[PDB]
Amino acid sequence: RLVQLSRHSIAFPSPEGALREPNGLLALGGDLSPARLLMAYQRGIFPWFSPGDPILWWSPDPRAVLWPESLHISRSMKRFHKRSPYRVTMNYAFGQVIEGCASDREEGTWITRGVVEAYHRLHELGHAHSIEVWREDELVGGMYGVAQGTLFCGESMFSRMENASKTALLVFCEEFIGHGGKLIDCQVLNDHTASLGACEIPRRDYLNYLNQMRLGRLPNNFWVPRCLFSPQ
C-alpha cells in the first residue's frame, strides 16, 4: 500500500487507493518538476508537506471545493467593496504573492524555497497564476494557484490588511464566472474557506469534474497580466 514515486517515471498511482487517515495521503518522493507537478494536478493530486519531510502527495476524500457563484459575501463586505480601498490585479507579481503566503506562518511554512521555485516554473510556463490585492502602492494580500481548463486549483492566499484576501477572491470569482470559469478546487476545507462558501464533495465527484473541466477553455488571453478592479 502507499507508494514511492521514482525519478524515472512521472506516473502516479490511482487516487482512490489513498489513505483514509491521514486523509488523502497517496505517495511520497519524486520531485517538483513542471512535468510531474502538472501531471499530478491532471490526476487530481497535489503535493503538501512540512520542511524536512520528503515530498508528500495527496488526494483527500471528500475534497474542498467552491462553486464560483456560491461565494458568500456578507452585507458589510458588499458595503466595503462598493467603496473599496483596494486595487486587484492578475499576474502582476506572482513571486511576491507566493512569498506572501509563504510567510503567513500559521502554515505557509510548508512553502519552502523548493516549493516556491517549483510553482515559479509553472508560472513562467503559464500554468500557475496569481491575483494581487493592492492598497495604494503596497501589496496587502493575494492568492495563487494552478489553472486547469475551466477549473482553478487554489493553492494558497494571504492577507496583510482587513478584507484584502476576501476582495481578491470576490473580484476573481466575478472575472472567472464571467469568462466560463466553472469550479475552484480548495483542496482541504478549513474555517476561513468554509465561511466563504466552500464545501466538500466526494473525491470521485471532484475527479469527474476535473476530467470534464481540464478539457474546457477560457478566453485565450484570460490570464495575461492586467488590472481586474480599480478603487475610487
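All residue numbers refer to positions in the sequence shown, first residue = 1.
Of the other compared PDB entries of this protein that include residues on both sides, at least a third leave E106 without atoms.
Of the two segments, 89-97 and 68-76, the one listed with the higher mean B-factor is 68-76 (C-alpha atoms only). In this crystal structure, the stretch out of 100-108 and 153-161 whose C-alpha atoms carry the higher mean B factor is 100-108.
When the modelled residues of the chain are ordered by their C-alpha B factor, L189 lands in the highest third. Split the chain's modelled residues into thirds by C-alpha temperature factor. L196 is in the highest one. Ranked by Cα temperature factor within the chain, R203 sits in the middle third according to the deposited record. Residue-level temperature factors show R135 in the lowest third of its chain, judged at the C-alpha atom. Ranked against the other modelled residues of its chain, the C-alpha B-factor of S50 as given in the entry falls in the middle third.
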